[PDB]
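Written below as structure tokens is the structure these notes are about.
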Amino acid sequence: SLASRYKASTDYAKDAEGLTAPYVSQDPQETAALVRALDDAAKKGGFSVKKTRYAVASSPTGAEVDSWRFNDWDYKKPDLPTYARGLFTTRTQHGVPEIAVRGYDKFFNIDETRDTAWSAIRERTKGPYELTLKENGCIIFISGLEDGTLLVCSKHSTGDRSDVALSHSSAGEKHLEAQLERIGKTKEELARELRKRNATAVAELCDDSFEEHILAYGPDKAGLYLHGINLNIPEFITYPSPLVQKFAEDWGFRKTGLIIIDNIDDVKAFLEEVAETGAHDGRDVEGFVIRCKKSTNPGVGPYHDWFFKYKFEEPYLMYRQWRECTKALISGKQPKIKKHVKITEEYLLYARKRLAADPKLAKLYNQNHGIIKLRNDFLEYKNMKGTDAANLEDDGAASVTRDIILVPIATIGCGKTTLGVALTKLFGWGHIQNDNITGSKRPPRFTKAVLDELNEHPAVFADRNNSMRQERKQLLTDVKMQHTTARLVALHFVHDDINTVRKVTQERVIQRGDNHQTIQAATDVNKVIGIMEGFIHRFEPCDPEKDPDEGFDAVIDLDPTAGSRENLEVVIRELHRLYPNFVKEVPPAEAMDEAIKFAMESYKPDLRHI
Ligand SMILES: Nc1ncnc2c1ncn2[C@@H]1O[C@H](COP(=O)(O)CP(=O)(O)OP(=O)(O)O)[C@@H](O)[C@H]1O
Ligand SMILES: Nc1nc2c(ncn2[C@@H]2O[C@H](COP(=O)(O)OP(=O)(O)O)[C@@H](O)[C@H]2O)c(=O)[nH]1
């Protein structure tokens, strides 16, 4: 198997002997232009940025740094003057603006963006691919200032705050001090070295005694895990990981394990195999960060450093649930059990017994400490690994290939019919339109027609609003009565942002029409709007923690304020994630584009209100 052949290594520093690290000096003109674009964006009433000034307490000259932070969604515009996440600027003693800290570019999980679809990665990246272990603590940035100060920052901050004994950046600096003393070097030596390289060192602080995350980093493992070195310039240029490991050795950092894989299809197979257990090389692994080169035009053009991530769902999602349930337990709140119901109830009974036997544990858990150990104690009590515990609840979804019914929960104009047509174009799935059924006994006849479509199709789009809970109850009950293996998947159009929903849907129906039967008989815009407001008023959100929506096999949240092209890719990506043998891969962006274009050209209802 691929996971057995490929082992993560922290022994690549020898492979870096002789190699030259990337280096670009800061251009005063370009840096000033960046700072002016940021400053201007910070003063404005799309592209927005927050500017926060911090004194550098260890600076002998009193240096200050400006930390810049975009709105998180801005990273998907093409507008930004830099895509750094983590960005601090400063001024030299002689008044030159400089980049003091340059984090990685913001990067995304598989299927989170167009660029991190496997279909796009396969076309537009080149290897060899660096698979770096994603250690989970907090990020620490380290660089050298002109006055010789070693600057240490967390993702967006630096220095001490009086509202905590030890900030994240100060904890990182204290770890740095100990690691440098361990090798006979000094903070000013490291500062001079990083400034000579015009670079930011990027490490993960992992230390249970400071703050617990998901996996334990006890005293034997606690420290700064160096995983990157970036150039302090507006574009993104990062060190090859063998040189990162060599730098870790020279300056006393812990190393981030690395695997190099040449072929993107082996990368994909390796990751999906590790995802079966969340473990590799006999340790738990929360994920990988994959580093390669990417071009904007597939196959040609210039290539730039580019990352994507692959985070493993289990057992870490169950572990996060257990942590939250534990906090609910000691505070007297209701534990919220979403998934893994049987083993989580056992975990809570176990935790209650431990708490009754040792009251002082609650004061540890109050401070978010000891909770990893409680989970490991419980797994020991069960003689189970977490991955086994997370597989106790299993609805057989991994094996599903057919008999899926997609059930919109929506109001008029959310794009249901458009989505159904697009899915038929892409996958050949069935589509039953309640709008085409007239007369009495409509809900049982609709339901039976939906069922019977499974004779010729692996899935069927059950096209009805289902705005009221009683309609989901009816459909759930009648399907389960007549078809013992059908899985019902709700496509819940979330109506939280109700006045934006109203505008978007009403624009669609008024301007481009809708075949809902009441719309097709509406003879003016006021009748249309009143009909639409009727469904809004009657609408009951999907709530999979209560009856009847609890009966759905899965719920996929969609956004009626978003275009149908975006809701289409959410549907497919989520179906793939939930039922990987049903939707085996997400089609390329171009195919979903063509599906939606076909949907709105072939499906054009008449407007009887004009
Ligand atoms: N080998 C590695 N390469 C890159 N980043 C790594 C890494 N090992 C750990 N990381 C961490 O992984 C982070 C990005 O992955 P995510 O955990 O998904 C960001 P997030 O948790 O969604 O928001 P947050 O960073 O503000 O908490 C980086 O910011 C860095 O702290
Ligand atoms: N411009 C635009 N029009 C859309 C989009 N999605 C749906 N429509 C149109 O909105 C109208 C109602 O869409 P429909 O799929 O019938 O919504 P339904 O009532 O929820 O089934 C149709 O004329 C669609 O072509 C979209 O993403 N963009």
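Any value given below was found using the heavy atoms of this structure, including those in side chains, with hydrogens, waters and symmetry copies removed. Whatever order the structure lists them in is the order used to number ligands and atoms, beginning at 1. We count residues from 1, following the sequence as given.
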Using 30° and 60° as the class limits, which term best fits the ring planes of [X] and [Y]: parallel, tilted or perpendicular?
X    : Y    : result
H280 : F288 : perpendicular
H492 : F539 : parallel
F107 : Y104 : perpendicular

Relative to the heavy atoms of [X], which atoms of ligand 1 are at a distance of less than 4.0 Å?
X    : answer
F107 : 4 (C), 5 (N), 14 (C)
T132 : 1 (N), 2 (C), 3 (N)
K155 : 24 (P), 26 (O), 27 (O)
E135 : 8 (N), 9 (C)

Can you tell me which residue and heavy atom of the protein come closest to [atom], and the distance to 0.1 Å?
atom                    : answer
atom 3 (N) of ligand 2  : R512 NE, 3.2 Å
atom 31 (O) of ligand 1 : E204 OE1, 2.7 Å
atom 28 (C) of ligand 1 : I139 CD1, 4.1 Å
atom 22 (C) of ligand 2 : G513 O, 3.4 Å
atom 15 (O) of ligand 1 : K134 CE, 3.0 Å
atom 28 (N) of ligand 2 : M600 SD, 4.2 Å
atom 29 (O) of ligand 1 : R85 NH2, 3.4 Å

To the closest 0.5 Å, what do you measure between CD1 (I498) and CD1 (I536)? 3.5 Å

If you measure from OG1 on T505 to CD1 on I412, what distance do you get to the nearest 0.5 Å? 9.0 Å

Consider ligand 2: state whether an atom of it lies below 4.0 angstrom from any non-hydrogen atom of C414. yes

Taking a cutoff of less than 4.0 Å between a non-hydrogen atom of the residue and any ligand atom, is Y603 in contact with ligand 2? yes

Looking at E601, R508, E507, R464, the heavy atom closest to atom 5 (C) of ligand 2 belongs to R508

Out of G415, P605, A599, indicate the one that has the non-hydrogen atom closest to atom 17 (O) of ligand 2. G415

Is the shortest distance from a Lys or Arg side-chain nitrogen in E569 or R565 to a carboxylate oxygen in the other one below 4.0 Å? yes

Would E135 and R283 pass as an ion pair if we require N to O under 4.0 Å? yes

Ligand 1-proximal atoms of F307, by part, heavy-atom distance under 4.0 Å: neither

Ligand-residue contact atoms, ligand 2 with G563, heavy atoms, under 4.0 Å: 27 (O)

For the residue pair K294 and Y303, would you count it as a cation-pi contact if the rule is NZ or CZ under 6.0 angstrom from the ring centre and within 45 degrees of the ring axis? no

With a cut-off of under 6.0 Å to the ring centre and 45° to the axis, is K76 in cation-pi contact with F108? yes

Are side-chain N/O atoms of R291 and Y239 paired as donor and acceptor at under 3.5 Å? no

Does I510 offer a backbone N or O that forms a donor-acceptor pair with the side chain of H609 under 3.5 Å? yes

With a 3.5 Å distance limit and no angle check, can you tell me whether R512 reaches the backbone of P605 through a side-chain donor-acceptor pair? no

With a 4.0 Å cut-off on heavy atoms, is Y225 in contact with ligand 1? no

With side chain to side chain donor-acceptor pair (under 3.5 Å) as the criterion, how do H213 and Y316 come out once you've worked through the C-alpha distance, each side chain's angles and the decisive distance to 0.1 Å? CA-CA 11 Å; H213 288 255; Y316 312 107; over 6 Å; no

So for ligand 2, is [X] a polar contact partner (N or O within less than 3.5 Å, distance only)?
X    : result
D514 : yes
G413 : yes
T418 : yes
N515 : no

Below 3.5 angstrom, do we get any N/O pair linking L133 and ligand 1? yes

